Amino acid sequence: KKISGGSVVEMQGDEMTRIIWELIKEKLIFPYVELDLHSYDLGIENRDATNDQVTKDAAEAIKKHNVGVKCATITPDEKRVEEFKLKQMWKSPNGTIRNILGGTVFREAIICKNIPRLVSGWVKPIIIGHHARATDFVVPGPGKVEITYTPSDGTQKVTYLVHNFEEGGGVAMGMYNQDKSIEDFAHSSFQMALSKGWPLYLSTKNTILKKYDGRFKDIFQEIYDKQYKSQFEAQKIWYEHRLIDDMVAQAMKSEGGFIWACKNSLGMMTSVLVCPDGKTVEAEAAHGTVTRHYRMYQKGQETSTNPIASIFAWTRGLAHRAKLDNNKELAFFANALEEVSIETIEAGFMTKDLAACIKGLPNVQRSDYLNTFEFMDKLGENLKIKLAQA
């Protein structure tokens, strides 16, 4: 009997990623996991036919079901509009989903011992989270541009000069940040550091943008001391604020294995939308539809597409589903599939792009790699073995 995986929101995509995603479900997921699958077809032709309604329904389903796994999608431009005879230049599905869910996007790399890194020292992954609008206008000629704060109680009026335009003419803007979104960024970051079991670090440039960045420093520390310090110290983890330059320096000498909150190959990186509630998660590969490889596929040429980032979208999603449902069998599966993926590459079985990382593209010969299907087949074989050895 198969593992009962529960409720998962799955989104189908476009081009090469649409092919590999089906191979993942057919060869790696479905032979072992039964899911109450909420499928949405985010393929370009379907978004056009539904007037982008499928994207909104998918976003609402992730809100309801807490777990979303997304395949890469075509973000339309003038050329895509002509190519698919699009009714409109549809907004990116990623933006629509982000806007409906909110949360912080964390980008984590998949580390392989035989695959080179930017810094050889990096043995454990570095998870980077970026913060998650503005009033811009033209200054037609000379005169003063000021920004003013007036409290609701009306007991004060502070006025700061932005600039006194003298030779005159230019541009000016006003931008803000509410306390809640700084807190949401801290909560997502603290909950991310607990789940991964690694220390969290907040980087800032509060030397220049003193007051703006200083609020981020203060809100993080207050949230830590008031609801996180206990569990961090009780797991050998910690929270520490570092300045941009002191952070980039310490990370260059580090072994990795930390959460990096930022206030400002390729088939080996994932992107995870972590909502502040710690309940909802949306996982996806941090790469596109791989158009070039799709064109080769359409011309009958052999392709060697890296499916790792897409497999890790599934494993991260399933691992979160297992955490929410206290499902040990699913938790074991998600991790076993991650181990099989790493082990296969470390054993010398990989796609062209990875062989190119090691040897160098001009020194890569057919025997140095596996094609899309050969690679998927080797993963499926290795997963059967690892799972049979229960």
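In case it trips you up, residue 1 is the first one in the sequence shown, and so on. Throughout, rigid core stands for the largest set of C-alpha atoms superposing within 1.5 Å between the two forms.
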{"query": "Positional deviation of Cα atoms in 5 other deposited structures of this protein after core superposition, greater for 163 to 171 or 193 to 201", "finding": "163 to 171"}
{"query": "Comparing 238 to 246 and 84 to 92 where Cα RMS over structures and residues is taken in 5 other deposited structures of this protein (core fit), larger one", "finding": "238 to 246"}
{"query": "Other entries omitting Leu118, at least a third", "finding": "no"}
{"query": "Check: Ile259 without coordinates in a third or more of other entries", "finding": "no"}
{"query": "Continuity check for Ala172 and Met173, given as deposited residues lacking coordinates between them", "finding": "none"}
{"query": "Deposited but uncoordinated residues in the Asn264/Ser265 interval", "finding": "10 or more"}
{"query": "Per the entry, higher mean C-alpha B factor between 236 to 244 and 279 to 287", "finding": "236 to 244"}
{"query": "Between the two ranges 50 to 58 and 319 to 327, the one averaging a larger CA B factor in the entry", "finding": "319 to 327"}
{"query": "Options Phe165, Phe312, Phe84, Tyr228 - largest CA temperature factor per the record", "finding": "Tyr228"}
{"query": "Criterion, highest CA B-factor; candidates, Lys299, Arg80, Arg292, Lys217", "finding": "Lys217"}
{"query": "Ranked C-alpha temperature factor of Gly348 among modelled chain residues, by third", "finding": "middle"}
{"query": "Third assignment of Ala355 from its chain's C-alpha B-factors", "finding": "middle"}
{"query": "Record-listed C-alpha B factor of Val119: chain third", "finding": "highest"}
{"query": "Third of the chain's Cα B-factor distribution that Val138 belongs to, per the entry", "finding": "lowest"}
{"query": "Within-chain third of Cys112 by Cα B-factor, per the entry", "finding": "middle"}
